């Protein structure tokens, strides 16, 4: 229902979230310790749990209301913990095999994104992976209009309730997105040895940084 609405609002939901799960599964052991940053209702954590039954998940968000949905989703899961913290607050010490995030970090000022990527690398073990499923800006105003048309085309094709799309539009006014290549370069600046865009559908992209490989 909520998960159905996220699929209606997010072009290539299965490709982009699935790419995040696949790249983690190919980068970390079965028993990986994983931080889901801005976990919300725990959708990305849930996708990872489906693939990695033995992974320890820490779901972190500033919103207790969002994390209540995550607590309900993971009620019977003894390998899931929840932390209430802002991206800008001290991160959990870990170390972590993976730090993942979906549709959260684009809320931060650009300087705070650059600092967050560096702070994430500090809590990753050597060879650890950072993955972001992200809302990204087009590199030009003209291309941004085309990105917007492609997003609207998906929303309309998915028979999204008009009020939910209106609410989606209102939330996006507060967003501080940047182009995918700029923020992938920020991973290199943060000291990740490899950074790559795995999958992309115009405004939405899955990218990753590796802490040594």
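Residue numbers count along the first chain shown, from 1.
Relative to its counterpart among 93-101 and 76-84, 76-84 has the higher mean temperature factor, C-alpha atoms as listed in the PDB entry. A summary of the deposited B-factors shows that, of 166-174 and 40-48, the stretch with the larger mean C-alpha value is 166-174. When the Cα B-factors of 31, 158, 63, 27 are read from the PDB record, 158 comes out highest. The PDB entry assigns its highest CA temperature factor, among 131, 107, 136, 116, to 107. In this PDB entry, residue 189 carries a Cα temperature factor that places it within the highest third of its chain's modelled residues. Sort the modelled residues of the chain by CA B factor and residue 213 lands in the highest third. Per-chain ranking of the deposited C-alpha B factor places residue 35 in the lowest third. Remark: residue 9 belongs to the highest third of its chain, ranked by C-alpha B-factor as recorded.
The entry lists a Cα temperature factor for residue 153 that places it in the highest third of the chain's modelled residues.
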